[PDB]
Structure formats: structure tokens, C-alpha cells
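Working notes, beginning with the structure itself.
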Amino acid sequence: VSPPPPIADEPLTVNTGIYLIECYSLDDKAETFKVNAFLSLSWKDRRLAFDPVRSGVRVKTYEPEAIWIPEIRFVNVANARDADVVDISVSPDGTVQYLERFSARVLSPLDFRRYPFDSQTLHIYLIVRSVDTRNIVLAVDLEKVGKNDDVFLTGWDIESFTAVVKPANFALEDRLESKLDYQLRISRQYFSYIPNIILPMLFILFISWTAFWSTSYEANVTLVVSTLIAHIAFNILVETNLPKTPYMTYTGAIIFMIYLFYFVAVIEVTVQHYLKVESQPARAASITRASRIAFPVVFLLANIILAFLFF
Amino acid sequence: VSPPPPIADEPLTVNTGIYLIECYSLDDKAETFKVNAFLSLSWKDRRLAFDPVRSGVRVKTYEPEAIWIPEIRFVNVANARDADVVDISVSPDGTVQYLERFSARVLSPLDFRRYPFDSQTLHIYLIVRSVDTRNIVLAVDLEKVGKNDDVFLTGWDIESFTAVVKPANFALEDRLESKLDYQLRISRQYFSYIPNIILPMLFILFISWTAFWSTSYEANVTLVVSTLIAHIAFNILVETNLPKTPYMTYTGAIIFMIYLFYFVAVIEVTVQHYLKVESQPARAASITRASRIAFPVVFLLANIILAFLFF
Amino acid sequence: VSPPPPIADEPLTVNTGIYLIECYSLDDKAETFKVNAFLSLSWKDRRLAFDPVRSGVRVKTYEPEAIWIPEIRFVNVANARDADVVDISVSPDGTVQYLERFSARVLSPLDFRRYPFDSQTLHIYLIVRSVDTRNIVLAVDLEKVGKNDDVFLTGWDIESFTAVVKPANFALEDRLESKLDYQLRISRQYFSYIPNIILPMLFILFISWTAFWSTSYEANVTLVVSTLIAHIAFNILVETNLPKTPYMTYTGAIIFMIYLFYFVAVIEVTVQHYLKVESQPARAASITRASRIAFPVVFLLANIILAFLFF
Amino acid sequence: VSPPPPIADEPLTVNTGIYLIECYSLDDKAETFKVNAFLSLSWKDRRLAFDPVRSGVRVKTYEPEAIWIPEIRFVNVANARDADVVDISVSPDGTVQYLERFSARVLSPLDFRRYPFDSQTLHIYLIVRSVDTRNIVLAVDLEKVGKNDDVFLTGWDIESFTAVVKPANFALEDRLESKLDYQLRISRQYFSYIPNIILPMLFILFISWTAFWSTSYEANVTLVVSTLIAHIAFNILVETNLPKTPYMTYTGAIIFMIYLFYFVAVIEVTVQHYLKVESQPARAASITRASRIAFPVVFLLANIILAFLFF
Amino acid sequence: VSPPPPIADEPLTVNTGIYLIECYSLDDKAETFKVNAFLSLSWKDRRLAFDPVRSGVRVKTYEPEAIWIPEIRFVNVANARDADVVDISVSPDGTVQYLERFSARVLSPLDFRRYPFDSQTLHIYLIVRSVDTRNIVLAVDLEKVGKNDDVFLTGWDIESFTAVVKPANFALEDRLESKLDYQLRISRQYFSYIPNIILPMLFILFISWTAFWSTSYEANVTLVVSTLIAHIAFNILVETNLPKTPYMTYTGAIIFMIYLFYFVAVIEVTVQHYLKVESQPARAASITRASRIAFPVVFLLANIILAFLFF
Ligand SMILES: [Cl-]
Ligand SMILES: [Cl-]
Ligand SMILES: [Cl-]
Ligand SMILES: [Cl-]
Ligand SMILES: [Cl-]
Ligand SMILES: [Cl-]
Ligand SMILES: [Cl-]
Ligand code: NA
Ligand code: NA
Ligand code: NA
Ligand code: NA
Ligand code: NA
Ligand code: NA
């Protein structure tokens, strides 16, 4: 079967639509997400046109093998989508209405700069390659683009599912390619990060600062060193849930900065002890009293600077 | 093959049933579970009807390709179910009795608010899309809905497997869809959480409280800081087995609250030492003696408040 | 093709056999194991019977499509088995001899009460569903039930592979079902648990008991608290290799009991220090001297009680 | 269908091309990467040649079954590629233009010597096995070799995708094999390693060196031993992300060398304490004062030597 | 299609060969490895014999369906191999030359006694089951047994790939089975274990021995207990990479023995402190001075004994 013959030198418009049924397994590290959706296709094939009076039927149902169907692919998929044809209906004017249900693992990169207070735009790229007989162009049928109400993505708020109506027409290996962009806007549910990572990390840091109210070097060493080890555990815990980025993330920035706070606290604890041994506790006391105000103030200001730079 | 022609303007009723054989791999983080079950289908096709006397046979067995079979799908599946037709029997009134054995990874969300003392309702949504010739409606044959006695779900008690008899008939992409809800009620076996997480977590917390019977700041610092690190390990252990929720879980609430108890214990340990150095041990003694009663009382009352709010 | 017509009202006996070739991947947490075996089937089809003199051949070889073959399934499988027909041989009397090689992931629950000194009975349930024309009953051909000598299951001793010769005949969805039970008896190789978990766990516990020969509260706090953290690591290590059980395991019981021993050791260490500060070291000495005998004696007796209750 | 008959004793040239669409899942430990690309093939089949005037058509489109297609395979793949034919076009002179879209898990070894400042050359080996009728040779059509702009590999910078135009023609099992080498040059994004591994590792090492400003053996023991445990955690973290190499990696060298620095710091801390107890603190002071300069100087010089040897 | 008819009562010899192309994913815990290789088969079918003069052709190429092909299987595979026929060539005398490219996950047990200085013999068992008409025997064509030069197994040195030329002919379910043994000899690249596990483990042990040059019980307790916890981390790290063995491994023996060294070091540290408190430091000094020589000497001798027993 050959594609529909053109009337004039016009290309064949294949109207598309994606209706999300299931959205799952957004792998942050792999920047992949799995989708289960309806893919609707519509085009005019004048060769399939019929008279409703003569034939008796209002619409004709065909099997995929029986008629010409456009070779529609996804750009950003790991493997070819798992699809099952639901219906093929032909109107008297030759307007074919195709519907299939598919599942695919979509590969869409994520921007972790504002993690875990980040928002993303997941993409689903529909593509058609033009044939030698005729050029094929994709279009969006806005009435057949949507999502089920029950569609949920664990740890994410699904904002919108829309399509960029004008396709990206380009040439690949001396043939026209018509690419459509389907955008699923999501925003992370940062809630859990607050009692699980952020507050426990702040608590251990604040515990290290109690060494500014102690003259016992042995106890101070235990305070700052133990809490630093807990901070290392939280840093390792955070980087397991995230991929290796060529940029600094919001959480990554905070975590890294906190290391400097532990390092300077060790220096303060060392200086205080050296001075006490040197029989200069008055100078040591001035440094410790200053540190009680300096450490929280510098921490608060540095965080304001970070939050400003990131948001 | 086209669907059965209607007598009047009535829709085609496809009687359904699901008999669970195997139930496994309930992934709490992924909110997925695997199922192996029998799917029974029954509908009337007057075109397949035949003579007992003339034909000789009581029932006719057909191969799936030979006759019209409704395109029955699952809504909440990752991929198309793995199915193998077991039997197709036609009565001579044209009543078709279809049976297939399938396996699928069902995507059903879970409510972790009361974890690990939570109960869930897993869903299996059966769906049929109406054709242009005729509208297809699903029905429940209660005699063909059940589960095997041997059906076990590791770490869960299987309560019931029932079906919501009235389908959710709606329009999707200008076509009628008949959706049925199959509900598998389960309840978590919380037993293991008590000797593995809850009691060990209480033991380390109670060990930190021994600092209220010690004047040794160095020993108290070691007691409260070490036990806090063990509590961090238990917090990390718990959040690995659970997904990131936009709400607080029962275990999550307790674990988070315990951090505040460690933080105030550090403050007490610090205050006590500062006062002793300041040659005010009488005031420090009053604070330590009060803490011996305050810490367990406030812990007990706060837990009563949490248990009340959650259950 | 229809099933063999009955002479009298007798059911069709399908003689079965399973010969294990490969046995692997016993997942303790998932209570699954993978199998690669031969499945032999034999039944009489009088319609396929022939004269050896007239036909010339002693046996006729058929392709699966050519003749009626019983729909044999496994009850406790995740998905339908991966099978490849090896041979189909028909004797002159119509006795069909079918052989296929299959692989499947069998779902069989395990009893962890005596872990790691536990033994299990893995099950493989063969099943046939009766047809409308005739009832099908399964039988065991003991000469075609066995296992290869090289069959090994990492960390397990394969004891026996036998079949319960009398089938469990029952009705499921108004049709007879003939179920056969194939039992693979295994026993865990507990050896590795001794130098890897049990002895290291005892060593750290015995190290904590050295605090009964020390008056240094600071050193005792470090001894009991550090060893308790190592015990937590061993508890976490053990529960990762095991699934969540609604009962107590042997190892689980020991591990949990050891927490109580650490808790009482902390109390002893606290009491001793409080008394010393109170200028009552004579009373503290009596308590410490008693603890030197009490702790190992109570530990030995409690373990005898546990071993008695569990074995 | 037999291959195209030769004019003279010349071999059949199959012009090839690979256009990368998706590049993902580079597993460092497994030395595997997944690819989704276009595979273009072109050869002359004089038997398929036609007159454009007589036939009417400029090009003829065939189904794969209809014509002879060369058996093209990948050398370094885990399993046979997942492919779907896109187009087969025959020119009047018999020049066949084949295009397929495929996905495969490519097995290409990596050189970790300079990790995480390493660059790699991933290989994709195309191969054709000669037939008895004729010898088949592969060629590169440089116009059909490329990559999509959006092609991204998490944690890597994609440098180039080129093909070694001259094939490696050799004999395997007494038949000619024509092998082509497609090279994907990548370079690691080392950025994240600096705030996540390198700096935290340096911070804990520098913290251990504060013991050179302390006379408190108990505090020094806590400083050097605790920081060493954190260094062990970083060593374990690094070797999980890497495979077992029969050579030393850059990061591996640094990490190993740092152990020696901790070991000598323990010796210094021990020597200092022994001398103080021996009532020789003047000699101990000379050793500690020297260590303050020796440790950072030897660390800086040793790192210069390592960086020189590795880069 | 039936097998080739015998001349005399001789069995049908199927000459085999395996040429390794890709060797990957050797899972130590699962005792599995993946293979991608060429499988060559050759047998004489007199029914396919032809005259080169009359037919014109020197060799005839057939499709697998057209002629009788022996049912060749692998014994030690997880699932049936993924195979794709490359060529089938028939010589005038009826000598068929079959070649296929396959991939399979081979299940071959490993001996960990000498780990990580162990060598293994991986097996690939080829098997053919005799038919009722004729008995089939396997043979090795040594000219078609080999491996590609580029064949690499991460963390292993590939020594040789040879075949045991004489098959293991036996009866299984009253039919002859001809089994061939293909052996891939490998030896572990132990290099990485030295700077990653062995030396760091020795360093922490040697650090614990510094307590023999200290009289500070509090510092000694910190030294021996902290290093013991690091040794536990290395023991856990080692047992994750290894399966549970009913025997002791070389590394397992060393690791276990080191626990005894830590235990006796705790006893020494305890005895020394008890004696000092008892105002007997002269006796304590004798014990500590002896331990300085005893501990390294006993460690060196015990390791010589272990190395002797294991190698
Ligand atoms: Cl696709
Ligand atoms: Cl363009
Ligand atoms: Cl074009
Ligand atoms: Cl489905
Ligand atoms: Cl099955
Ligand atoms: Cl391939
Ligand atoms: Cl096989
Ligand atoms: Na078509
Ligand atoms: Na059908
Ligand atoms: Na059949
Ligand atoms: Na072809
Ligand atoms: Na064949
Ligand atoms: Na300490």
C-alpha cells in the first residue's frame, strides 16, 4: 500500500492527539519516565472515500494491514513503544480516524538547579518521516489532547499536558521530518525533604555550635567531629537520589557550604584549646563569645545569598 | 469480524469476572503490584447460534481468530497484560463463554498516613471502548469473581477481593467507555516493625536520657550525640522502604518528633555544664532533676496526641 | 481439534512428570525461585491409534498443531512458563508421549522461624482444567519425576524432589480442576552465618561486658554505646536479607534480646557512676561484681530458653 | 532470494551509515551504553533495475521479504538489536536504499586511569558475513553518519560521532567478514566530584592535621581515628561507582595515598604521647612542630607527583 | 521432516563448534555469566545430496524450515538461548553446514576458596536428544572452536576456551542424550583488592596495636573499638560481593581471624587498666611490652598457616 496521492503539490497532514492514562516511574537519576496513553491519528485518504447511500454504512472499519497507515514514531524513547490498535474508522469523504493505546519509557532531561523546589517540563516528541511519493506534516487536534483525572506521579504535582501546535519541520538524511512537541509540566512535592533531610541536617549543625558554650576541648572535638560524620551521611544520602550534574544544585550548594561551617568550627575549637594551654584563656574567651553570634549570623546571611542566587 | 448486531437500540453487555491465582511483588515505593489471574468474559452473539439436533454438539469451541471478541483492557497497568486464552465455548443461543489466564503489573496508589499500621484498597480497572456499529457495556458475574486460598502477599493480610457491580460509563474521545472497579482489600502485618524499628529506636532514646543521672559533660555529650546518630540511621532505614509523600506518615511523625527530644537533651546537657562551670550546680541540679520527669512525661503525652491525630 | 472421546463416563488421565535440570535464584525476600526442567505428559487418544503392520512405523511423531494436547498450567507461577516442545510420540494403541523443556519463576512461600537453621518445602503445582466434552484428571508417572545430579541451589542443600501422587480434584468456576503437588525439599547451609554474623555479634557484646571490670564511666559509656551501634549495623544487615514476617525468627529473637542486654549494661554503667559520685563506691562495687556473673549467666540461660522454644 | 550476481570477480559493497537519535544509560561498572539510532544501508542489485519511462515510477518501494537484504549485525552487542524497517527504495539502476531504526545495548570497555577527569571512545562495530555465492564488503557513506543535536549522556560531554571509513576485512570460520568501526567520543563532566568527593575528603584530612596543634592524646586519637573512618566511607562510596580495574585509577591513587597520611599521623600522635609520659615533652614538641610543615608539604608534593604520572 | 535415515545401525554424528564473540556480566553471587557466540553445526543428510554437474551449483543454500535440523540445546542455561540463523549450506555429498549467532545467560558454579586469588572453569554444555527413528551423537570440530581477540571479562583474565572432544552419552527418560563440555578457563585480577580492601584492613588493625604504647585506657578503648567498627564495615563490604558458601574463603578466613585479634587486644587493654587501678602497673607493663611483639608475631605466623592451608 502506497500513501494517499496528492491533489496539488500540498503535503499530507496527519492530525495527532495524546491522551495520558497512566503516568509513572519518573527516575530522577536516569531522567526517564514511563507513560501509558492513547495516540489518535487522522488523515484524508480519497482512495478510501465511499457513498453512504450506495454502501449502506455511515463509517467503514478497517484492519491495519488493509489500508495505508503513517509510520509515526517517538523521538525520545529508549525502545519502540508497545502499541495495540484500538480502532480504525473511515468516513465517507475518506477521513481516516486511527486510535491506539501505547506504553513507552520516555527519555526527557531534568534541571536539578532548584532541587527539591524544582519544576520540570517533560517532553514527548511525535515524529513522521516523509516518503518519496509524498511529504507528511504533523498537526495537533486539541480536542484529542488531554489526561485522565486519576493520573498521578509519586512525589510530583501534575500541572498541565499541552502540545506545541506548530511542528518542527526539518530535513534528516535528505527527507522531511515533521516533529511535534507534547509537554507535561510537573512540580516537585518538596514537603518530605523538610522533616527528612533539611531539618535533621540543621539540628546536627546547631548541635555542633554548642561547643561555643564549652571549654572542654575533648567534648568539643566529639561534638563537631560526630555531627560532621552525620552531615557526610546526609550528603551521601542526597547524592544517591540525584544524578551527576555539571552545575550546582540548591541542596548541593547548602550541603557543601555546611562543610565550610564545620571546618571553621574545628579551627575555632583548636584555637580556643591552643590559647588555653598557652595560659591565654581571656583571648580564647573573646573568640568563643564572638563565634556564638558570628556562626548563626554568617549562616543566615550566606543562606539568604544562596536562596537569592537560586530563586 | 464486526461486533454482534443489536436487536433494539440496546448496548452489548459483556459479563466479566476476575479470579486471583497469584498475588505478588507489592512495591510500596512504586505503588505497583503484580497479579496472575483468570479473566472470564461472556456475551451474546446471535450470529454464532446453532441446532443441538442438526449439529450434534451441545457447545462449539472456537479459536480467538474465528469469532468476534471484545477488546477488553486494564486502565491502571504499566504495559499490556500477558494473556493466554484458556477456553472459548459457544452455546447454540450464541452465548459465548471466554476464559483467559493473564499476568500484569497493576499501578494502584497507596495511603501511607498510618504506616506501618495502614490498610489499602488495591484497584484493578477493567475497560471496554464502544465501537461505531454498537455501544459496549460491562457487567459483573459475581459467580466468576474470587481468589485462590493459597493467595499470599508477603508482609500483608489479604482481606477481600470484590467488584463494584455498576460500571462507570463515560465518554472519552467521542466514544462510550465502560469501566469496572475490582477491589483487593489488604492490611499491613506491622509485627516485624515493633522488634526491628520501633523498640530499638525507643531503646537508644531511653539510653540518651541516662545523661539526666550524670554530671560528666564529656560522657553526656557521647551519650546524646551517639544515640542521635543511631536515630539518623533508623530514619534513613525507614525512608528507603517508603516513597516521598506530600503528607506526614505516622512513623515519620514519631521519628521527626524524636529529633526535637535529642535537640532539647543537648540543650539540657549544655545548660547543666555551663551552670556547673559558672559555680551554680544547685540551679543545674534543679534543671536535671526536672528533666528526669519532664522528658518521659512530654514524650508519653506527645505520642498520645500523635496516636490520637493519626488513628 | 477436540479432546479424546470417552469410552464410558471415565475421565481422561494425563500422566505427568517433572525432571529438574537447573535450579537457581532462590530470592528469600520475594519467596521466589527459578526452575529449568523437563515436563513430560502422556495420555491415550484412540483417534490417533494405528496398525504397526499396515503403517510400517512403530511410532508416529506429530507436531503440536497436528494433534490435541492438554492445556497444562502451573498454579504458583509469576507468568506463563517459557516452554519449547522437545518430542511428541504416538504408540500404535494411541498412547501419546509428550515432552517439553520449560523455565519458570515459581512463587513458593518460606518459613523463616528457624532462620538460618531452617528447612523448606518448595512447591510446583501442576494443573489442568476440564473441558465441556470431557473431564481431565492428572496422574504422576514416578519414573519421569527426578532431578539432575549437578542441580545446585547457592546457599542450600537439595534434599529431595518428589510428587504427591494423588491429585487435588476440585471445582473452580463450575469446572473440574486437577491439581498435582511437586515438592522440592531444601535445607539452608547455615555455615557462613557463624563467622559472618553470629560470632562477630557475640564478640562486640562480650566487648561491652568489659565495662564490668572498669570504674571509668567515660570509657564504659564509649564501650557499651559503640558496641550497641555495631549491633544495630548487624540487625540492619540481617533484616535486609529477610522479608517482613508476622512472627519472630530465631535470629530476630536473639538480635532483639541482645538490645535488652545493652540497655541493662547502660543502666549498670549509670548506677555505678551515680553511686561513685554519691561517695558510695562500696555499693557500686557489689553491683559491678554481681554483673560480671549475672550478665553471662542470664545470657546463656535466655539463649537455652530461645533454642528450646524454636527447635 | 539469493545475493546480487557479480559482474566481474568484484565483491558487493554495502554502503552504511549510523545517525544517533538517543544515547543513554552509560553503566561505568558494566562498560555498557544504550543506543537508539537510524541504520542506513545501500547496495546495487542489477536484478531490481527498471526503466523509469516504461514503469512510470521514479523509485520502487519494496517490503523486506520481497527482495534480498544483507545480514548486517553488530559485534559488541549484548543481544541482537531491536530494529524496525522505516523504508526500502530502489532507484532505476538497481541502487537499493534501506533505512531502519534500531535500539541496542552496546558493550564497549572504558579506561578509568584518569577518573573522574577521563575521556572515552565508545565503539559500535558493524559487521557483514560473506556468502558462498559472493563476498560482501562494507563501506561508509559519510553523509548518512551523524547525531541529533538533543543527544545527551548524563554526566558526559558528547564530543564527536565519526566512522573509520576503511573496514577491517578478515576471515572467520573460512568466510570473509567486513567490520566497520563507529566511534563516539565522550569526556566526563568532573564538576560534581569536586564538591561531593574531593573537597569533603580534603576537609576531613585537614581536620585530622589539627592534632599537630594539640597535646591532648585522647582528643588527637578521636580526631585522626574519626576522620579516617569518614575517609573509609568515601573510599567505599567511590569503589561502588567504579568496576574492579587491574590498574590504579587517579582517584584510587589519591584515596590510597591518604591512608598512609592517616597512618603516619597516628604514629606521630602515639610518639608524641609516649615521649610526654616518658617526661621528654621537648623532643615531642620538636616532632609535632615539624609535622605541622611536613604533613602539608609532603601531601602537596606527592599529589604533584601523582598528577604528573597520571596526566 | 524426519531425521536422515541410517545406512547401517550407526548413530548420526552432529559436529559442533562454539566461537565466542562477546563475554560479559559474570555475576559472582549468582554464579551466572552472559555469552554472545557463534554456534556451528555439521551433519550428513544423504537425502539432500546432489550432482554438481546436473544442478550447476557447487553448494545449495536452504532456509531452516526447508530441511531437517537437529534440536540442539544448552544444559546450564537460565532460559532458551536467543538465536538467529546466519547460514545453512549443503555440499553435493549431503554434508550440511549450519551457523547461528546466539546469546544466553549461562549458569556455572564458582569455587571461592582462594578468593580473590581464585581461578575458575566456566562450562557451556551442548546437548542433543535422540529420536525414535535414530540416535544422535555430538562431536567437536576443533577448527570451529575459538574466541575473538577483543573478548574481555571485567575483573578477569581469560586463559583458554577449549572443548572436551568425547561426549557424555547417557540415558534420560528412556532416550539417549549426547552432552558436550565447552570450558572457558578464567583467573581473577586480584590487583584492586590490595589497595581497596587488604591494605586498608591491615592499616586499621595496625592502628589498634598503637594501644600497646599507651597507658591511657580511654584512648585505648577509642583506638581498638573504632578500628573494630571499620573492620566490621570491611567484612560487610566483602560479603556483599560474595555468595553464601558452605566453606571458608581465603579472605573470609583472614577477616574472621582479625576479629580474634581485636578481641584479645580489648582483653589486653582491660587487663592493663584493671592492674593499674589495683596499683600493680609493673605487671601491666610486662603484659603491654610482651603484646608489642606477640600481636605482630602471632598475626604473621597465623597468616603463613592460612596461606599454606589455602594455597
Ligand atoms: Cl516509538
Ligand atoms: Cl532543515
Ligand atoms: Cl522530502
Ligand atoms: Cl491491559
Ligand atoms: Cl504456566
Ligand atoms: Cl546486532
Ligand atoms: Cl539453548
Ligand atoms: Na497499513
Ligand atoms: Na477476534
Ligand atoms: Na494441539
Ligand atoms: Na529479504
Ligand atoms: Na527444520
Ligand atoms: Na571517645
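Throughout, read-outs are computed from the coordinates displayed, never taken from laboratory work. Here the Cβ positions follow ideal geometry from the backbone for every residue, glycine too, while neighbour counts run over all protein chains shown.
Mind listing just one residue for me: the one in the stretch B:56-85 that is away from chain A (no Cβ under 14 Å) and in contact with an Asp or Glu (Cβ under 6 Å, 6 or more places away or on another chain) and, of those, nearest to ligand 10 (Cβ to nearest atom)?
Here the answer is B:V85.
Got a sec? Which of D:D118, D:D111 is within 14 Å of chain A (Cβ to nearest Cβ) and within 16 Å of the chain's Cα centre (by Cα)?
D:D118
So, in the stretch A:269-311, exactly how many residues are among the polar types (S, T, N, Q), more than 30 Å from A:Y115 (Cβ to Cβ) and assigned to a helix (DSSP H, G or I)?
Of the residues in the stretch A:269-311, 5 are among the polar types (S, T, N, Q), more than 30 Å from A:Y115 (Cβ to Cβ) and assigned to a helix (DSSP H, G or I).
Which of the residues that make up the stretch C:1-22 are more than 11 Å from chain E (Cβ to nearest Cβ) and among the charged types (D, E, K, R)?
Passing the criteria: C:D9, C:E10.
Out of curiosity, is E:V53 without any contact (Cβ under 8 Å) to a residue 60 or more places away in the chain and more than 16 Å from ligand 2 (Cβ to nearest atom)?
Numbers: without any contact (Cβ under 8 Å) to a residue 60 or more places away in the chain: yes; more than 16 Å from ligand 2 (Cβ to nearest atom): yes.
Criteria met by E:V53.
Name every residue in the stretch E:230-252 that is over 16 Å from E:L199 (Cα atoms) and either facing chain C (nearest Cβ under 8 Å) or hydrophobic (A, V, I, L, M, F, W, C) (or both), in order of residue number.
Once the filter is applied, which keeps residues that are over 16 Å from E:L199 (Cα atoms) and either facing chain C (nearest Cβ under 8 Å) or hydrophobic (A, V, I, L, M, F, W, C) (or both), the stretch E:230-252 yields E:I236, E:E239, E:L242, E:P243, E:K244, E:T245, E:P246, E:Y247, E:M248.
Does A:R283 satisfy the criteria of being surrounded by fewer than 15 Cβ atoms within 10 Å (Cβ to Cβ), in contact (Cβ under 8 Å) with a residue 60 or more places away in the chain, more than 7 Å from every other protein chain (Cβ to nearest Cβ) and at negative phi?
So A:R283 does not fit the description; no.
Please verify whether E:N220 is more than 7 Å from chain D (Cβ to nearest Cβ), assigned to a helix (DSSP H, G or I), crowded, with 21+ Cβ neighbours inside 10 Å and not β-branched (V, I, T), treating the condition exactly as stated.
Against the criterion (more than 7 Å from chain D (Cβ to nearest Cβ), assigned to a helix (DSSP H, G or I), crowded, with 21+ Cβ neighbours inside 10 Å and not β-branched (V, I, T)), E:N220 qualifies.
Just to check your reading of the model, which residue among B:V53, B:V35 is over 28 Å from B:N135 (Cβ atoms), β-branched (V, I, T), within 16 Å of ligand 4 (Cβ to nearest atom) and away from chain A (no Cβ under 14 Å)?
B:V35
If only one of A:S25, A:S103, A:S40 is in contact with a helix residue (DSSP H, G or I) (Cβ under 8 Å, 6 or more places away or on another chain) and within 11 Å of another protein chain (Cβ to nearest Cβ), which one is it?
A:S40
Examine the stretch B:144-156 for a residue that is touching a residue at least 60 places away in the same chain (Cβ under 8 Å), more than 18 Å from B:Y125 (Cα to Cα) and of a type in the set (S, T, N, Q), and state whether such a residue exists.
yes
Could you grab me the full set of residues in the stretch C:112-166 that are under 14 Å from C:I18 (Cα atoms) and hydroxyl-bearing (S, T, Y)?
Once the filter is applied, which keeps residues that are under 14 Å from C:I18 (Cα atoms) and hydroxyl-bearing (S, T, Y), the stretch C:112-166 yields C:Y125, C:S160, C:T162.
Any residue at all in the stretch B:185-205 that is more than 14 Å from chain C (Cβ to nearest Cβ) and either free of Cβ contacts under 8 Å to residues at least 40 places away in the same chain or more than 16 Å from ligand 10 (Cβ to nearest atom) (or both)?
yes
Select from the stretch B:154-209 the residues that are aromatic (F, W, Y) and within 21 Å of the chain's Cα centre (by Cα) and write down the one among them that is surrounded by the most Cβ atoms within 10 Å (Cβ to Cβ). It would help to see each step written out before you state the result.
Start the filter on the stretch B:154-209 by keeping residues that are aromatic (F, W, Y), which leaves B:156, B:161, B:170, B:182, B:190-191, B:193, B:203, B:206, B:209.
Filter once more, so that each one left must be within 21 Å of the chain's Cα centre (by Cα): B:156, B:161, B:182, B:190-191, B:193.
On the way: B:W156: 20, B:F161: 21, B:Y182: 23, B:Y190: 16, B:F191: 15, B:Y193: 19.
Taking the candidates together, the pick is B:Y182.
Within the stretch A:61-71, can one find any residue that is closer than 30 Å to B:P109 by Cα and surrounded by 20 or more Cβ atoms within 10 Å (Cβ to Cβ)?
No, there is no match, as no residue in the stretch A:61-71 is closer than 30 Å to B:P109 by Cα and surrounded by 20 or more Cβ atoms within 10 Å (Cβ to Cβ).
Which residue pairs have Cβ atoms under 6 Å apart, sit 6 or more places apart or on different chains, and have a first residue in the stretch A:117-132 that is small (G, A, S) and a second that is more than 16 Å from ligand 8 (Cβ to nearest atom) and in a loop (DSSP other than H, G, I, E, B)?
A:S130/A:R175
For the stretch A:55-91, give me each residue that is part of a strand (DSSP E or B) and closer than 30 Å to D:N79 by Cα.
Across the stretch A:55-91, the qualifying residues are A:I72, A:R73, A:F74, A:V77, A:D82, A:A83, A:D84, A:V85.
State whether the residues of the stretch B:174-187 include one that is touching a helix residue (DSSP H, G or I) at 6+ places or on another chain (Cβ under 9 Å) and away from ligand 7 (no atom under 16 Å from the Cβ).
Yes; the residues of the stretch B:174-187 include at least one that is touching a helix residue (DSSP H, G or I) at 6+ places or on another chain (Cβ under 9 Å) and away from ligand 7 (no atom under 16 Å from the Cβ).
From the list C:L242, C:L202, which residue is away from ligand 13 (no atom under 16 Å from the Cβ), in contact with an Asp or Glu (Cβ under 7 Å, 6 or more places away or on another chain) and closer than 23 Å to C:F117 by Cα?
None of the others qualify; the one that does is C:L242.
I need the full set of residues from the stretch E:79-101 which are in contact with a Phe, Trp or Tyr (Cβ under 7 Å, 6 or more places away or on another chain), away from ligand 6 (no atom under 16 Å from the Cβ) and touching a residue at least 40 places away in the same chain (Cβ under 8 Å), in order please.
As a first pass, look at the stretch E:79-101 and keep what is in contact with a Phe, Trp or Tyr (Cβ under 7 Å, 6 or more places away or on another chain): E:81-83, E:88, E:90, E:92, E:96, E:99, E:101.
Retained after the next criterion (residues that are away from ligand 6 (no atom under 16 Å from the Cβ)): E:88, E:90, E:92, E:96.
If the condition is that a residue be in contact with a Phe, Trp or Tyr (Cβ under 7 Å, 6 or more places away or on another chain), away from ligand 6 (no atom under 16 Å from the Cβ) and touching a residue at least 40 places away in the same chain (Cβ under 8 Å), then E:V90, E:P92, E:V96 are the ones that fit.
Restricting to the stretch D:29-54, name every residue that is part of a loop (DSSP other than H, G, I, E, B) and among the aliphatic types (A, V, I, L, M).
Initial filter on the stretch D:29-54 (part of a loop (DSSP other than H, G, I, E, B)): D:29-31, D:45, D:49-51.
Passing the criteria: D:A30, D:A49.
Does A:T227 fit the bill of being more than 24 Å from B:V221 (Cα to Cα), in contact with a helix residue (DSSP H, G or I) (Cβ under 7 Å, 6 or more places away or on another chain), surrounded by 21 or more Cβ atoms within 10 Å (Cβ to Cβ) and within 13 Å of chain D (Cβ to nearest Cβ)? Lay out the reasoning, then the answer.
On the way: more than 24 Å from B:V221 (Cα to Cα): no; in contact with a helix residue (DSSP H, G or I) (Cβ under 7 Å, 6 or more places away or on another chain): yes; surrounded by 21 or more Cβ atoms within 10 Å (Cβ to Cβ): yes; within 13 Å of chain D (Cβ to nearest Cβ): yes.
Judged against the criteria, A:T227 is not a match.
Checking C:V1 against (1) of a type in the set (V, I, T); (2) under 18 Å from C:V145 (Cβ atoms); (3) surrounded by fewer than 20 Cβ atoms within 10 Å (Cβ to Cβ), which single condition isn't satisfied?
Against the list (1) of a type in the set (V, I, T); (2) under 18 Å from C:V145 (Cβ atoms); (3) surrounded by fewer than 20 Cβ atoms within 10 Å (Cβ to Cβ), C:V1 comes up short only on (2).
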